[PDB]
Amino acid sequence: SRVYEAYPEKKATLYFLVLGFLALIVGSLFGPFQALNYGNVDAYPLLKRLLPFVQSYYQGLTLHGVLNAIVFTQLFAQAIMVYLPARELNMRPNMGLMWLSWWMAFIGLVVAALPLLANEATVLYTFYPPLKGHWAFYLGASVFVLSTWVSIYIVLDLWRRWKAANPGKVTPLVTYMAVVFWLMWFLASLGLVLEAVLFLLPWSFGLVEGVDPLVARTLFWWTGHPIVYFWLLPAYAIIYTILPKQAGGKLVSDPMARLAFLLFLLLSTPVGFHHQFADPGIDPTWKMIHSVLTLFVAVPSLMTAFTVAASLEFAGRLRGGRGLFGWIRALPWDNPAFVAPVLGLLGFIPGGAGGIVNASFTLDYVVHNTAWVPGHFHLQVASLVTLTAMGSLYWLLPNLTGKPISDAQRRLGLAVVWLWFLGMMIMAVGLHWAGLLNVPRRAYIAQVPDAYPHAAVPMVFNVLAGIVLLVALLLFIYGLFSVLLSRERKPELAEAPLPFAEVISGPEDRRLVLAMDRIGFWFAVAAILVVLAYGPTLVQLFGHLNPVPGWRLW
């Protein structure tokens, strides 16, 4: 295409997206099996006949976690948060760098995939020492994630070219979002990068005998909280700056959108002790400080809930809906691109409620390391983020390829999105409830079928979710390949503008917007906050290291 000669970023964006969907499909194959397991049904014999490289439940859960939560989500973030800003500014990203980032992701993925598929790194997506994976797992995962540093560079480049050409203009909204997102991710990413370079890689390669498990975990969760915000914020970018147009409406506040993202930059990283409430050797005062900061990081999503709800309402009123529920009925429920994120946002209600509980220090002892935790996060990442990505099949893929969506593909997409949403809600009931009955997470409990008799009722929910989500997934695979491998091409789809929303009329802005555009200043603040929240604990742990030997217990 002459489209790809003029807009080569379309092709690179496509490659990120398809690679991410492929990872999504492969990791998700394991999901229904895991749901049946939490329903006390063992269907692993069937899976191992289908996929003979699979040696255990836990090798499956490793592939699931890594491919869905690490790989798919990152690739989606790299697609959306480079391409949307590029299109808003109508500027080309550095194409050499953009292709470098794809190849880095691809190669790292392949290198990490090899030990995983060979049963040499069955350590789960958290890879907590002294469980000791093969070196190619850590090296490949390292290169995969480092791909994002090139993404950060690319978008800072775009932003600075744009500000050079437009001095005295405020950063446009989508670009503002993306800049603070990528800067947040830089600060965030440093935990894991330190963990890998100082501890995991030298250890996996033989250069040190042991690793200190407390320091590894502390550095891990420096990255491990904000990585979920990194997963979330691409979907928020769409929800704020595209969905209002697909709803039939407008974004009701540019400044409130900016403010949500700025708070994410300041508060995403200094909170990770909320994953360590049950850990020895971290001070309880620091735990309480991180708890409080975690409740603060809820605020930007509390704000998002209202900004977005009000935009949808406005949309529905525009389309003639009247009363307190008429605005809902009036929205474009026939359009899968509209439906998918809106259903995501509904499940985000119990999902975020679960998070706030988790954040509340002592309350975490009720639910920590129980099935509650996966109940929570499937509502957040496997529902809202995933559904938003699935919605993008129906507007973004045509924009990147010129491949049309038939009426039949549109209807199928409605079915996929509904069944996925319903599946996730049902499973979330099963997991939250089993969780409250003390059923552990990360456990092949169908192999101890009498261990949890009291969870018999929630277990039915898990079976049902298991089969619903298997149907949803098979339909999703069929739909994705139907669209990709389609005959027809209509290049005017690839040439259309993206459906960016307009912002509703009204003043009030400028002063707040200018202060928020001091990005160098807010970046420095975020980093200071990290130094204060982490530096004292880390100074203490590093002066009292206790490395211990590695084990492979699989």
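The numbering used is simple: start at 1 and walk along the sequence shown.
Please determine whether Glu488 lacks coordinates in at least a third of the other PDB entries of this protein that model its flanking residues.
Yes, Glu488 lacks coordinates in at least a third of the other compared entries that model both of its neighbours.
Give the stretch, out of 478 to 486 and 176 to 184, with the larger mean C-alpha temperature factor in the deposited entry.
Here the higher of the two C-alpha B-factor means belongs to 478 to 486.
Segment of higher mean CA temperature factor, 279 to 287 or 319 to 327:
Result of the comparison: 319 to 327.
Report the option among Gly430, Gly351, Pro374, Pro115 whose CA atom has the maximum B-factor in the deposited record.
Answer for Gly430, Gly351, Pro374, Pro115: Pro115, with the highest C-alpha B-factor.
Looking at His274, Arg161, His378, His368, which has the biggest Cα B factor in the entry?
Most elevated C-alpha B-factor of the set, per the entry: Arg161.
Comparing against every modelled residue in the chain, figure out the third that the C-alpha B-factor of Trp203 lands in (lowest, middle or highest).
CA B-factor rank for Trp203: middle third.
Within this chain, which third does the Cα B-factor at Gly31 fall in: lowest, middle or highest?
Ranked within chain, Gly31 CA B lands in the middle tercile.
Ordered by C-alpha B-factor within the chain, which third holds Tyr57? Give me lowest, middle or highest, please.
CA B-factor rank for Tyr57: lowest third.
Assigned third (lowest, middle, highest) for the C-alpha B factor of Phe106:
According to the entry, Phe106 has a C-alpha B-factor in the chain's middle third.
Which third of the chain holds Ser253 when residues are ordered by C-alpha B factor: lowest, middle or highest?
According to the entry, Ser253 has a C-alpha B-factor in the chain's middle third.
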